[PDB]
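Asks: One file: my_file03.pdb (PDB, C-alpha atoms).
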ATOM      1  CA  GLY H   1     -29.492  24.812  20.320  1.00  0.00           C
ATOM      2  CA  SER H   2     -31.198  27.234  17.977  1.00  0.00           C
ATOM      3  CA  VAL H   3     -29.768  27.795  14.451  1.00  0.00           C
ATOM      4  CA  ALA H   4     -26.100  28.081  15.402  1.00  0.00           C
ATOM      5  CA  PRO H   5     -24.178  24.738  15.684  1.00  0.00           C
ATOM      6  CA  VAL H   6     -23.015  24.402  12.076  1.00  0.00           C
ATOM      7  CA  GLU H   7     -19.354  25.202  11.405  1.00  0.00           C
ATOM      8  CA  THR H   8     -18.795  28.257  13.600  1.00  0.00           C
ATOM      9  CA  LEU H   9     -15.026  28.711  13.513  1.00  0.00           C
ATOM     10  CA  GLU H  10     -14.031  31.773  15.534  1.00  0.00           C
ATOM     11  CA  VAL H  11     -11.573  34.008  13.649  1.00  0.00           C
ATOM     12  CA  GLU H  12     -12.233  37.569  14.799  1.00  0.00           C
ATOM     13  CA  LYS H  13      -9.759  40.394  14.649  1.00  0.00           C
ATOM     14  CA  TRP H  14      -8.632  39.685  18.201  1.00  0.00           C
ATOM     15  CA  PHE H  15      -7.429  36.011  18.201  1.00  0.00           C
ATOM     16  CA  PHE H  16      -4.880  36.212  15.370  1.00  0.00           C
ATOM     17  CA  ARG H  17      -2.011  33.836  14.497  1.00  0.00           C
ATOM     18  CA  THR H  18       1.684  34.758  14.573  1.00  0.00           C
ATOM     19  CA  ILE H  19       1.404  37.735  12.347  1.00  0.00           C
ATOM     20  CA  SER H  20       4.467  39.853  12.101  1.00  0.00           C
ATOM     21  CA  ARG H  21       5.023  42.471  14.785  1.00  0.00           C
ATOM     22  CA  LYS H  22       4.705  45.433  12.491  1.00  0.00           C
ATOM     23  CA  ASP H  23       1.809  43.666  10.816  1.00  0.00           C
ATOM     24  CA  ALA H  24      -0.534  43.402  13.750  1.00  0.00           C
ATOM     25  CA  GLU H  25       0.530  46.972  14.456  1.00  0.00           C
ATOM     26  CA  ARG H  26      -0.226  48.056  10.825  1.00  0.00           C
ATOM     27  CA  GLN H  27      -3.753  46.780  11.281  1.00  0.00           C
ATOM     28  CA  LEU H  28      -4.474  48.337  14.669  1.00  0.00           C
ATOM     29  CA  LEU H  29      -2.822  51.610  13.582  1.00  0.00           C
ATOM     30  CA  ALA H  30      -5.347  51.667  10.708  1.00  0.00           C
ATOM     31  CA  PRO H  31      -7.559  54.793  10.814  1.00  0.00           C
ATOM     32  CA  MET H  32     -10.596  52.554  10.856  1.00  0.00           C
ATOM     33  CA  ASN H  33      -9.641  51.223  14.324  1.00  0.00           C
ATOM     34  CA  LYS H  34      -8.539  52.783  17.609  1.00  0.00           C
ATOM     35  CA  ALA H  35      -7.772  52.004  21.290  1.00  0.00           C
ATOM     36  CA  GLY H  36      -9.438  48.651  21.907  1.00  0.00           C
ATOM     37  CA  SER H  37      -8.945  46.756  18.675  1.00  0.00           C
ATOM     38  CA  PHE H  38      -6.304  44.117  19.514  1.00  0.00           C
ATOM     39  CA  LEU H  39      -4.111  41.355  18.056  1.00  0.00           C
ATOM     40  CA  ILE H  40      -3.051  38.503  20.236  1.00  0.00           C
ATOM     41  CA  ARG H  41      -0.342  37.104  18.001  1.00  0.00           C
ATOM     42  CA  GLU H  42       1.516  33.942  18.907  1.00  0.00           C
ATOM     43  CA  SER H  43       5.180  34.109  19.696  1.00  0.00           C
ATOM     44  CA  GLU H  44       6.574  31.952  16.814  1.00  0.00           C
ATOM     45  CA  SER H  45       9.399  30.784  19.080  1.00  0.00           C
ATOM     46  CA  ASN H  46       7.626  29.311  22.101  1.00  0.00           C
ATOM     47  CA  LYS H  47       5.354  26.268  22.101  1.00  0.00           C
ATOM     48  CA  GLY H  48       2.612  28.031  24.069  1.00  0.00           C
ATOM     49  CA  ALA H  49       3.371  31.748  24.539  1.00  0.00           C
ATOM     50  CA  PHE H  50       1.637  34.714  22.842  1.00  0.00           C
ATOM     51  CA  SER H  51       1.788  38.553  22.627  1.00  0.00           C
ATOM     52  CA  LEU H  52      -0.897  41.294  22.413  1.00  0.00           C
ATOM     53  CA  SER H  53      -1.008  44.631  20.506  1.00  0.00           C
ATOM     54  CA  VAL H  54      -3.605  47.368  21.273  1.00  0.00           C
ATOM     55  CA  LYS H  55      -3.798  50.808  19.840  1.00  0.00           C
ATOM     56  CA  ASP H  56      -2.355  53.378  22.222  1.00  0.00           C
ATOM     57  CA  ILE H  57      -3.429  56.938  21.975  1.00  0.00           C
ATOM     58  CA  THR H  58      -0.814  59.404  23.147  1.00  0.00           C
ATOM     59  CA  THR H  59       0.119  63.009  22.487  1.00  0.00           C
ATOM     60  CA  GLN H  60       3.315  61.600  20.853  1.00  0.00           C
ATOM     61  CA  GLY H  61       1.379  60.205  17.894  1.00  0.00           C
ATOM     62  CA  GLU H  62      -0.846  57.149  17.627  1.00  0.00           C
ATOM     63  CA  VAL H  63       0.906  53.877  18.415  1.00  0.00           C
ATOM     64  CA  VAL H  64       0.179  50.285  19.487  1.00  0.00           C
ATOM     65  CA  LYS H  65       0.905  48.371  22.739  1.00  0.00           C
ATOM     66  CA  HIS H  66       2.850  45.239  23.678  1.00  0.00           C
ATOM     67  CA  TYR H  67       1.662  42.956  26.573  1.00  0.00           C
ATOM     68  CA  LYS H  68       3.538  39.643  27.192  1.00  0.00           C
ATOM     69  CA  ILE H  69       1.232  36.572  27.629  1.00  0.00           C
ATOM     70  CA  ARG H  70       2.700  33.530  29.409  1.00  0.00           C
ATOM     71  CA  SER H  71       1.295  30.008  29.504  1.00  0.00           C
ATOM     72  CA  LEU H  72       0.977  28.343  32.862  1.00  0.00           C
ATOM     73  CA  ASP H  73       0.543  24.651  33.371  1.00  0.00           C
ATOM     74  CA  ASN H  74      -2.170  25.454  35.900  1.00  0.00           C
ATOM     75  CA  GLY H  75      -3.078  29.009  35.063  1.00  0.00           C
ATOM     76  CA  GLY H  76      -3.718  29.293  31.301  1.00  0.00           C
ATOM     77  CA  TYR H  77      -2.523  32.805  30.488  1.00  0.00           C
ATOM     78  CA  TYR H  78      -1.327  35.703  32.588  1.00  0.00           C
ATOM     79  CA  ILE H  79      -0.057  39.204  31.792  1.00  0.00           C
ATOM     80  CA  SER H  80      -0.267  40.805  35.218  1.00  0.00           C
ATOM     81  CA  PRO H  81       0.526  38.326  37.999  1.00  0.00           C
ATOM     82  CA  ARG H  82      -2.350  39.695  40.076  1.00  0.00           C
ATOM     83  CA  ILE H  83      -4.704  38.193  37.392  1.00  0.00           C
ATOM     84  CA  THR H  84      -4.551  34.876  35.544  1.00  0.00           C
ATOM     85  CA  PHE H  85      -7.080  33.322  33.056  1.00  0.00           C
ATOM     86  CA  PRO H  86      -7.737  29.858  31.519  1.00  0.00           C
ATOM     87  CA  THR H  87      -7.734  30.970  27.865  1.00  0.00           C
ATOM     88  CA  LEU H  88      -7.225  34.198  26.127  1.00  0.00           C
ATOM     89  CA  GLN H  89     -10.974  34.528  25.532  1.00  0.00           C
ATOM     90  CA  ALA H  90     -11.579  34.747  29.281  1.00  0.00           C
ATOM     91  CA  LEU H  91      -8.577  37.040  29.523  1.00  0.00           C
ATOM     92  CA  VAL H  92      -9.789  39.366  26.831  1.00  0.00           C
ATOM     93  CA  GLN H  93     -13.409  39.164  28.172  1.00  0.00           C
ATOM     94  CA  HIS H  94     -12.309  40.256  31.629  1.00  0.00           C
ATOM     95  CA  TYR H  95     -10.343  43.096  30.086  1.00  0.00           C
ATOM     96  CA  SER H  96     -13.469  43.719  27.966  1.00  0.00           C
ATOM     97  CA  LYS H  97     -15.216  45.184  31.068  1.00  0.00           C
ATOM     98  CA  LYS H  98     -12.627  47.522  32.496  1.00  0.00           C
ATOM     99  CA  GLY H  99      -8.991  48.521  32.343  1.00  0.00           C
ATOM    100  CA  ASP H 100      -7.757  46.497  35.224  1.00  0.00           C
ATOM    101  CA  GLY H 101      -4.491  45.541  33.688  1.00  0.00           C
ATOM    102  CA  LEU H 102      -4.511  47.511  30.464  1.00  0.00           C
ATOM    103  CA  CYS H 103      -4.758  51.269  30.572  1.00  0.00           C
ATOM    104  CA  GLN H 104      -7.376  51.086  27.833  1.00  0.00           C
ATOM    105  CA  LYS H 105      -9.907  48.409  27.944  1.00  0.00           C
ATOM    106  CA  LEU H 106     -11.289  46.481  24.984  1.00  0.00           C
ATOM    107  CA  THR H 107     -13.981  47.889  22.791  1.00  0.00           C
ATOM    108  CA  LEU H 108     -14.024  46.446  19.247  1.00  0.00           C
ATOM    109  CA  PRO H 109     -11.488  44.133  17.508  1.00  0.00           C
ATOM    110  CA  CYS H 110      -9.786  45.214  14.245  1.00  0.00           C
ATOM    111  CA  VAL H 111     -11.718  45.749  11.019  1.00  0.00           C
ATOM    112  CA  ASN H 112     -11.515  43.104   8.334  1.00  0.00           C
ATOM    113  CA  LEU H 113      -9.386  43.711   5.233  1.00  0.00           C
ATOM    114  CA  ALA H 114      -5.930  44.817   6.374  1.00  0.00           C
TER
END
Could you render the structure from this file as structure tokens?

Replies:
Amino acid sequence: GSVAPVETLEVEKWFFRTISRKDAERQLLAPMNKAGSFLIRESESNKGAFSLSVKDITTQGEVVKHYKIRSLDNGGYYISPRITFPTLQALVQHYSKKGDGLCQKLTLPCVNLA
């Protein structure tokens, strides 16, 4: 195209592997990040399911979030049954414009160096 196609593996602080629960949470809960940085970790039990942590900001201290991602044979991923996606990038992208499903939309993934 134009100085780009040359080993461009995507590994941003959004599409993570099956990090531990508290781990993904430890990262989001970092004071560098806030509501919007996410972790879509894979459920290391199911051959196709995932999970997603987001920082939640409440008066009862700063926490994370937990949204269950399913994998449909003809619907990619879905968290709210009123809205399905083909991959998590298109899921996260859609949620990157508003807070349709999540109460706090996506801003910026987590910072490097946990």

Asks: What does the PyMOL selection byres ((chain H and resi 103) around 12) select in this file, as JSON, numbers by chain?

Replies: {"H": [35, 36, 54, 55, 56, 57, 58, 65, 66, 67, 95, 96, 98, 99, 100, 101, 102, 104, 105, 106]}

Asks: What separation in Å, quoted to one decimal, exists between atom CA of residue H:61 and atom CA of residue H:33?

Replies: 14.7 Å

Asks: Choose the residue, out of H:114, H:79, H:40, H:88, that has the smallest atom-to-atom separation from residue H:21; count only C-alpha atoms.

Replies: H:40

Asks: Using atom CA of residue H:83 and atom CA of residue H:51 as the two end points, give the distance in Å to one decimal.

Replies: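 Value for the atom CA of residue H:83-atom CA of residue H:51 distance: 16.1 Å.
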
Asks: Provide the atom CA of residue H:44 to atom CA of residue H:77 distance in Å, to one decimal place.

Replies: 16.4 Å

Asks: Please expand the PyMOL selection byres ((chain H and resi 32) around 12) into the concrete residues it hits in this file, giving the result as a count of residues only.

Replies: 19

Asks: Using all atoms listed in the file, collect all residues at a distance of at most 10 Å from (-0.9, 29.8, 31.6) as written in the file, then present them as number ranges by chain.

Replies: H: 48-49, 69-79, 84-88

Asks: For residue H:18, find every residue with an atom within 12 Å (counting all atoms listed in the file), except residues of its own chain fewer than 5 positions away, and show them as a ChimeraX atom specification.

Replies: /H:23-24,39-53

Asks: Find the residues with any atom within 12 Å of (-14.0, 33.9, 18.1); use all atoms listed in the file and the coordinates as given in the file, and write the answer as a list in words.

Replies: residues 8, 9, 10, 11, 12, 13, 14, 15, 16, 87, 88, 89, 90, 92, 93 and 109 of chain H
